[PDB]
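Enquirer:
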Amino acid sequence: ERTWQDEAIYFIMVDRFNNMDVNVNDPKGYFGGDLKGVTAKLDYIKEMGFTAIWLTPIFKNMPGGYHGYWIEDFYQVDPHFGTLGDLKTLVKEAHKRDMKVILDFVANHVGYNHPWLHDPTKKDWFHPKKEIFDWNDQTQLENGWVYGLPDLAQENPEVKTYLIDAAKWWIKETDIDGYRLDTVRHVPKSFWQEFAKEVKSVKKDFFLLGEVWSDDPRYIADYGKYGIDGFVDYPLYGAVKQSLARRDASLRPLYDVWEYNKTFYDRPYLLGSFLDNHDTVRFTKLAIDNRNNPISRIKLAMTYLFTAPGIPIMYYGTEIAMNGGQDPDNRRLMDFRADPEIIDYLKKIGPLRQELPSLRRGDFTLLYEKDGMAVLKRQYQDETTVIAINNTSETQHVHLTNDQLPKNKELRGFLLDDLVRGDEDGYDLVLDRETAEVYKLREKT
Ligand SMILES: [Ca+2]
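Structure (structure tokens):
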């Protein structure tokens, strides 16, 4: 029985991915990417082990809304990205390939100068125009105009009804499988609770992925009490910047995050892990700034995501070491004829997560970490895997005891084909610099 903790998500900003059906030299303009472009790359995505895609919003936007987040019409596809038919086609085609489609949904606000502002029957549809002054004050966070965006009043039953109805409508119309929920910390928990109860009732197993941009796992985790299934893991991202983004950096922060997640969240396996997104600098730029090779960095970093708990979420272009700084330079036009070195690697590790249940459902034990060389063990049912990640500049040796693994078994490697024979003293792993290995325990009984 496939569940959401089994998935891996390829995350696409639509206008910036693939134009098959507008000024490319304007960093804040439309580049032309559309839904037909997404559909044409489903096999491409599936091959790297992704079982699901998340699209940025595709509703009709206010002028300039290339990214989709400035909604105008909640009941219409933006003509820049194509038609309702195109979208239905995308979902059908993904479904043929056993892939899920999550759409990006905004309940918090509409685009700048939205017409409802000047509609007398919808004056009560908005909070008084106010800046968010104290980003630790929940009332301001919830009533303020986020980056000046007209902020909707979900306490008004008309707004609450309009939004929920619209959300349900797209599920019925196109058979999507989830929503990534925008600006969740800006909308009251009592609304999300009802939204979740109602939207998710349209379709069995319909998944909500919340964006609560906080570095405090307890803050995010409380929203899990209000019907949102999973969350983008911003606390992990903080760890990623200090660990995976720099060679010879301890990987302990990453595990500490998990240890905290498992305790704070009811569903810690539905936390979306990411090396970057459309709101951060590119991981490639983090690596370059650290005077590291992006190629080996990304291969190493994505191996952690694909071997750790949660739901891996990879931003389009990561697989070609896409460079980029602050929004909008992190949204460059995708390249489908770049070097395939990371793609070929991902074609090993991505699918490997799908093929070994312990990587999707196992526990997550730290057997060893010292200065960037980490060894982890995951167990699920009869299966035991051991993941070793060498984040250092040299070959590393790690000895595991017969108290950390059953005695006298064998460990087969699934990245570099390798075998490790246990003895009376335990097991010895040796990894070259900046390499990882996934071992599955082999039984001799
Ligand atoms: Ca709000």
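Going letter by letter, the sequence shown gives residues 30 to 50, 57 to 480 in the entry's author numbering.
By construction, the Cβ of each residue, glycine as well, lies at the ideal position given by its N, Cα and C atoms.
1. Can you list every residue whose CB sits closer than 6 Å to some heavy atom of ligand 1, going in chain order?
2. Contact check, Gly461 vs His432 under 8 Å by CB: the rounded distance?
3. Output the boundary residues of the alpha helix (DSSP H) element that contains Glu233.
4. Got a sec? Which residues, its chain only, sit under 6 Å from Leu184 by beta carbon, not counting five neighbours each side?
5. Using the rule of at least 16 other Cβ atoms within 10 Å of the residue's Cβ for burial, across every protein chain shown, is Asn58 buried or exposed?
6. In the structure shown, what three-state DSSP assignment does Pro347 receive?
7. Does the distance from the CB of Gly307 to the CB of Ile346 come in under 7 Å?
8. Out of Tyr65, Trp89, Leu305, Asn60, which has the shortest C-alpha to C-alpha gap to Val73?
9. Are there 16 or more other CB atoms within 10 angstroms of the CB of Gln189, so buried, or fewer, so exposed?
10. Once you ignore the five residues that flank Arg332 on each side, which residues in its own chain have a CB closer than 6 Å to its CB?
11. Answer yes or no: do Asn96 and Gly146 have a C-beta to C-beta separation smaller than 7 Å?
12. Run through the region 380 to 408 for me and flag every whole alpha helix (DSSP H) of 4 or more residues, listed as ranges in chain order.
13. Bridge partners for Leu216 per DSSP, in chain order?
14. At which residues does the alpha helix (DSSP H) containing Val275 begin and terminate?
15. Do you know offhand how far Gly273's Cα is from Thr480's?
16. By how many angstroms is the C-alpha of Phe109 removed from the C-alpha of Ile424?
17. Roughly how many angstroms separate the alpha carbons of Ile199 and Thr156, rounded to a whole number?
18. Which partner residues of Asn425 appear in the DSSP bridge assignment?
19. Return helix, strand or coil for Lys63, following the three-state DSSP convention.
Expert: Well, looking at it:
1. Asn143, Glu177, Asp186, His221, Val222
2. With a Cβ gap of about 12 Å, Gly461 and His432 do not count as contacting.
3. 224 to 234
4. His144
5. exposed
6. strand
7. yes
8. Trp89
9. buried
10. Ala322
11. yes
12. 393 to 396
13. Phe140, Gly245
14. 269 to 277
15. 44 Å
16. 45 Å
17. 19 Å
18. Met408, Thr470
19. coil
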